[PDB]
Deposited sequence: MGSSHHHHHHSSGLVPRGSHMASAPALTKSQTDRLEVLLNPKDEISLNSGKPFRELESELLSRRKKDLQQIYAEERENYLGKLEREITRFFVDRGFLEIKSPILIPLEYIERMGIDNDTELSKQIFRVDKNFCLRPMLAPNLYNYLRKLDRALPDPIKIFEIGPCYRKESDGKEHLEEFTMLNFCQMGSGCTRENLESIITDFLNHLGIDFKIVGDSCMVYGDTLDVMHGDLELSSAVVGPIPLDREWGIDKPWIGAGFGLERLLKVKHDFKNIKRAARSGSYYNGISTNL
């Protein structure tokens, strides 16, 4: 008669935001099953593009058109970069690092590599230097509703001329308005782009003391966004896992049919 918690969980997996009690579990499940196969079949026939990939390409076109240089840096970076990022056994991050071998780890952020690119490009390109990168990042997490251990990050930044908070907020605003994501900006000067109680991004207006360790000596602005969180808001997924790289979902549809 009444659906068990476990049965409800299974139904929620097959449930899509677009869908609209009483009937038995087997009926409800068969209904949802035929629907997802249908959605999957539609993707396969018409678009065939992966949400995460499609988003990355959409973000790339956005910044490339706005004068930012597309960067693809190593995902596997030296542990030494962590220490130099000011990540000591005093911050939360220190306990979220996935170590590899004895000298490396999985980048928990894009900052270090972008820092290097800013210093190096400054010697070859005209002010201001504008770069961005979209790629995998890794952190050990306790949560699983707004956090993934393997997520995708977007970090763009400008160094030199025009690096003001107003300009930064202008970029943030044009970006999210372009993607159709509702947000509110709240807040070296630091800002947080929020959607409800979900943190979409953290932005900072430099210069900041840490800049010196990386050979940076000019003002700059920048923000980092989690692609899965943007996907979560846009497609209204209730759980961040439906947007993550995985073998359990495809464009938010359960592959366990």
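According to the record, the deposited residues with no C-alpha atom in the structure span 1 to 24, 45 to 48, 216 to 221.
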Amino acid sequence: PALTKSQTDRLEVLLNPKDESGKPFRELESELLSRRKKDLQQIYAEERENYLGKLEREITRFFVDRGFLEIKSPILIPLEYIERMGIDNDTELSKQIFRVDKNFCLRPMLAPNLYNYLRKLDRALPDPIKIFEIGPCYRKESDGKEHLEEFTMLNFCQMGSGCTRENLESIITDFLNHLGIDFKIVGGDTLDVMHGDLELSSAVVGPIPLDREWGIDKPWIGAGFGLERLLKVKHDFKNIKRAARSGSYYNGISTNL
From here on, numbers count along this sequence of modelled residues.
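Per the compared records, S142 is unresolved in at least a third of the other entries whose models span it. Compared with other entries of the same protein, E133 falls outside the group left without coordinates by a third of them; all model it where both flanks are modelled. Set 21 to 29 against 5 to 13 and average the Cα temperature factors; 21 to 29 ends up higher. Per-stretch averaging of Cα B factors for 90 to 98 and 135 to 143 places 90 to 98 on top. Comparing the listed residues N113, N177, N155, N103, the entry records the largest Cα B-factor for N103. When the C-alpha B-factors of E47, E56, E70, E228 are ranked from the entry, the top spot goes to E47. Looking at the C-alpha B-factors along this chain, the one for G196 belongs to the highest third.
The entry lists a Cα temperature factor for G160 that places it in the middle third of the chain's modelled residues.
Ranked by C-alpha B-factor against the other modelled residues of its chain, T60 falls in the lowest third.
For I82, the recorded CA temperature factor ranks within the highest third of the chain's modelled residues.
In the deposited entry, the Cα temperature factor of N256 sits in the top third of values across the chain's modelled residues.
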